[PDB]
Every structure is written in structure tokens, then in C-alpha cells.
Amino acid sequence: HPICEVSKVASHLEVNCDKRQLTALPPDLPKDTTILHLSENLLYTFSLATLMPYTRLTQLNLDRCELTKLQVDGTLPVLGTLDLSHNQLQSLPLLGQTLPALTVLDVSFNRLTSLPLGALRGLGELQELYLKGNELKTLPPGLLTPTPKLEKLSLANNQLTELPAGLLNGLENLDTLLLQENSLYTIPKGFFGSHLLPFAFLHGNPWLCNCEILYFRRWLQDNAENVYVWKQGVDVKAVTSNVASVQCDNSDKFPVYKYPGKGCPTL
């Protein structure tokens, strides 16, 4: 092919159209094309329907493409991975109908202010959802209902002030929750329920240490081993275990798990 690269990696037919200023999808690409890289180009907009010709398309990358609008037509039978990270999308598109096989969705680092109700309808197979680095303030109620097979959720780095109490309902396979760097202050009663959740990041939050942070206190106490800190160092990333990071808003960086709850109700 003329513009993009091709290369049979094992049993996958990978195509690279990355970082070459493209504005829109090239023409006649391989008919086996399983993977497509369109990163770092200049598209500002795209339309998944134009990909239907690629009936083998297992994976797609449209990251760093200025996308401010994403048309979602027709249907992509087998697409399981969709990267839309590092774009300028004002609003999360409804992938459900068109991407039935999606298991990984990444819209981290965009301009998202809110997620429409039923935003995820139709994505049952979904396992990883990343919405880190956005401007969401609150969430829809049954947001994650359409997706009970979910293993990772990232809502870190947003301006969220409160979570939907039954946000993790149905998720009995969730193994990573990322919420560090947000505006949360309390945690709904029985919000974590009874799953194991080996990885949860809750640091970087103005936690309001009052009588209503108590469910969250005990919880932390029984999960010290499950609370980690995320540190990036432009050449290194670090996930470190530290329940102590979840600290009290004003209370001099006071560990929320150690908050006495003095004077609070008995039960």
C-alpha cells in the first residue's frame, strides 16, 4: 500500500497511518486489516462507518487527532479495542449500537463534561473503561450497568464531587478503581459492597472527615492493602501501596483511616 505501512504480525494484519498529518481515512487498505493506527494525524473529526469495509478490524486507534466530533454509524462487528484518548471531544459518543464487541474503551484526556444517561447501553462485553483526565463533575446513575464484565475503571483527574451510591453494583470482576485527583469528600454507604477490588486509588481528594466518612473509614481499614498511590515521573510510573494517602481535607493531611469519628452516632 501507498500511504500507510502494513505488516503481518503473527496472525494480525497491522496497518500504520500514524504521525503522517492525514486528515481522513486513506483509501484501499488491506482487506484483512485487523489493526489500524491513525494516531498523531490531523482529523478533527471521523466516522466509524467508513471502516465497515474492514470486516476483520479487531483494533482501532484514533488518539491525538484533534477529534471534536465522532460520527457513529453502521456497525463494526468485531472491534474490541477503541482508543480516543488525547482528543478534544466535548461529549462522549454512544458506542453501544455500533461497537457490540468492544471490551476496551479509552477516552481519557478529552473535554468531557458529562456522560449522558444510558451512555454505555449496548456494550456488555466491555472490560476496560478509561475516562481519566476529563471534566466530568458527576455521573449518570446506572452508568456501569450495561457493563457487568468490567475489570478496570478510571475516573481519576476530573472534577467529580460525588459518586452514584450504587455505581459498582453488578461489577463482580472489577479489579482496579482509579479515582485519585478529584473533588470527592465522602463515600456513599455500602458503596464498595462485598467484592475484593485488589487495586483502588483514592488519594488526591478533599475527603470530608465527618460522621459520614465512617463507612469509608472502616472500609479503608479492611482494605489498607488495596489502596495505592499513582505517581508519574515522565520516565517512570509508580503504583505504591499506601492507605495513608487517603487524607482528610483540612485535617493536616490526617489519614482518613485513622479518623476517630469522635462524637458520631452509635448506630
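Throughout, we count residues from 1 along the sequence that is shown.
- Relative to its counterpart among 214 to 222 and 196 to 204, 214 to 222 has the higher mean temperature factor, C-alpha atoms as listed in the PDB entry.
- Of the two stretches examined, 100 to 108 and 132 to 140, the record assigns the greater average C-alpha temperature factor to 132 to 140.
- Of all the options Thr75, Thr81, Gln127, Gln180, the entry's greatest CA B-factor is assigned to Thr75.
- In the PDB entry, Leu95 places in the middle third of its chain by CA B-factor.
- Among the modelled residues of the chain, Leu115 sits in the highest third by CA temperature factor in this PDB entry.
- Sort the chain's modelled residues by C-alpha temperature factor and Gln159 lands in the highest third, per the entry.
- Ranked by C-alpha B-factor against the other modelled residues of its chain, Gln59 falls in the lowest third.
- Ranked against the other modelled residues of its chain, the C-alpha B-factor of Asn242 as given in the entry falls in the middle third.
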